[PDB]
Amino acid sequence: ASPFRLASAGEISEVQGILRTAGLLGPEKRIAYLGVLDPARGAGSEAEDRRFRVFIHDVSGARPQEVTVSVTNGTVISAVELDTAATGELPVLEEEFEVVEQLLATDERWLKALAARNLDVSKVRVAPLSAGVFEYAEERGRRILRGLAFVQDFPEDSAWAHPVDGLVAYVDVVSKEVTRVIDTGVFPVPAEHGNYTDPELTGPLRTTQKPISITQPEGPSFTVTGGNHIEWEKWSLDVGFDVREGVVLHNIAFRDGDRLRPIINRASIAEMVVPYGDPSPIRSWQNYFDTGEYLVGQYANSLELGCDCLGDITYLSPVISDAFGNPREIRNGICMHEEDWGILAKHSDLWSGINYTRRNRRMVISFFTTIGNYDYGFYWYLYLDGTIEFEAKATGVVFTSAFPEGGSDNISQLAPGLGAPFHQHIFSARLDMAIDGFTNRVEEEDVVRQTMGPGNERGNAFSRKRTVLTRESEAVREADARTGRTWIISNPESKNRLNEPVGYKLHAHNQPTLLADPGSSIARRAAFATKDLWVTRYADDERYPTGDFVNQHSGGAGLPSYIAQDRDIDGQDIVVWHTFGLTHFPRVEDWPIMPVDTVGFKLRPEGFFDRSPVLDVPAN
């Protein structure tokens, strides 16, 4: 009876029934988002109220609605009509993707663009991409996708190898109208295929790899109770799943002796942005928020044993809603397992003669999603020593273009005539902090260099300083790798045995943040991505760094709007938002399918425990 259990097929059917009976889910309506709501602060109210938030699209052009329902009481709690021209459009629907290609195939401007290139329309695939917000007045209040074309020589062909450059179209997906077709000129379509299963490209497959067998003969050391509650090596947490954010971790806590100590109340990747750096009018609008606009949870892969997840794997199969309110199961959508992680601690002491070695281990919780050409893996790691780590793994096929004759400063060439525009993949981690409870504060810690002089006559001394972040208006921080800058989240009211406040230290990778001009559209809409660290005061409605409705919103929503409230965050219920990203200058080695690259962050205890928390690990 945990309030944090996964939504069941029955609850989603119940939500469908409640909405139908209320007159809110007739034949012209579509569910664009459905997800359970987290309990409010202070769950002392006995018996849970399972509430679901629903975004309802209307395929006849009527205004969409935000609806909250309670499946425990079978009632609609609230239903709000939305002004999308003010507060943004709903997330893209899956059935709207398939529509961009079909319309264009009968538009005469599109057909004459293809004829001039001697391209057969039956072979042209259209990548349907989110539109953004630029200088096209007629788009405001309309639901628009943009399309870029790729040639597929046969049904099994990798279309990404054959971009049709100089051509882009804009499609109104509700009225089914092609608003614009832009043809800036013909480019040669690159002719080499990129088919990575074709023996003529791969050569003979290696025979030199022998199997690695990872087994757990007595089963794994973690237990799962209540469907989704995990206990492993003093850690306790619940694994949630949201169709928008994907895997969500709740109630991360650590058993320190006879007391359960909270660390993180809720952890998620709350937004994702992929901005492209090609100034060509064909692609200069190209940005998408995979989480906010497409919902990355709903594109999770079924993960196959021995291929995606190797070892003794426990699977969760989350349930989401389709566009009509029917439950859909993502089978084997979440993998969890533990894996060996080398040496934990080691010392051979000459004075005592004692030799000491212990192994480390980590709990892995992961899923994979696929949007178009991209494939992203989200990995959460819990370690024996109290460390929590997140890792994003980026792979798939690079988004391609023609490579211009005479070169480009914003595209790299992967093959004769084939380019790959420069871009970033930038993530926002939302960490609802609860270090030993909810009274928390954040300090910025910088290394401090000291000058040679009195009290330091040999010039060897160095130190550090910590600056407390007391209000939101001062809580927008940038990285500084040169001074070893880190951030500590502590509880000023909970002290270790040395009478110092307990804490956790956030270690960033210090990769570049959003590179676009600060006056650009994408800088306004992805404002969170311009700084490495934000801290806000907790509020139930402040869930996403870009706002609730990111699709075609003009910008400034989310974090810059939260921060302007200038709320007290010194010993308060606070939320940490960490931006981190990969800047991708594609390489020849990324073609025709890229090897994984990674980015992330981690948190390590800093005076949280009264000594090493792994003294009780045995030798084996």
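Here, rigid core means the biggest group of C-alpha atoms that superpose within 1.5 Å across both forms. Note that residue numbering begins at 1 and tracks the sequence as displayed.
Rigid core fits of the other structures in 7 other deposited structures of this protein place the C-alpha atoms of one stretch farther away on average; of 568-576 and 40-48, that stretch is 40-48. After superposing on the rigid core, the larger RMS C-alpha deviation in 7 other deposited structures of this protein belongs to 555-563, the other candidate being whichever of 578-586 and 555-563 remains. A summary of the deposited B-factors shows that, of 260-268 and 467-475, the stretch with the larger mean C-alpha value is 467-475.
Per the PDB record, of the two stretches 134-142 and 439-447, 134-142 carries the greater mean B-factor over its C-alpha atoms. The residue among 163, 204, 386, 417 whose C-alpha atom has the highest B-factor in the PDB entry is 204. Comparing the C-alpha B-factors of 250, 234, 505, 328 in the entry, the top value falls on 328. Ranked against the other modelled residues of its chain, the C-alpha B-factor of residue 47 as given in the entry falls in the highest third. Annotation for residue 578: C-alpha temperature factor in the lowest third relative to the rest of the modelled chain, per the entry. Looking at the C-alpha B-factors along this chain, the one for residue 359 belongs to the middle third. Sorting the modelled residues of the chain by their CA temperature factor places residue 24 in the highest third.
Residue 571 sits in the middle third of its chain by CA B factor, as recorded in the PDB entry.
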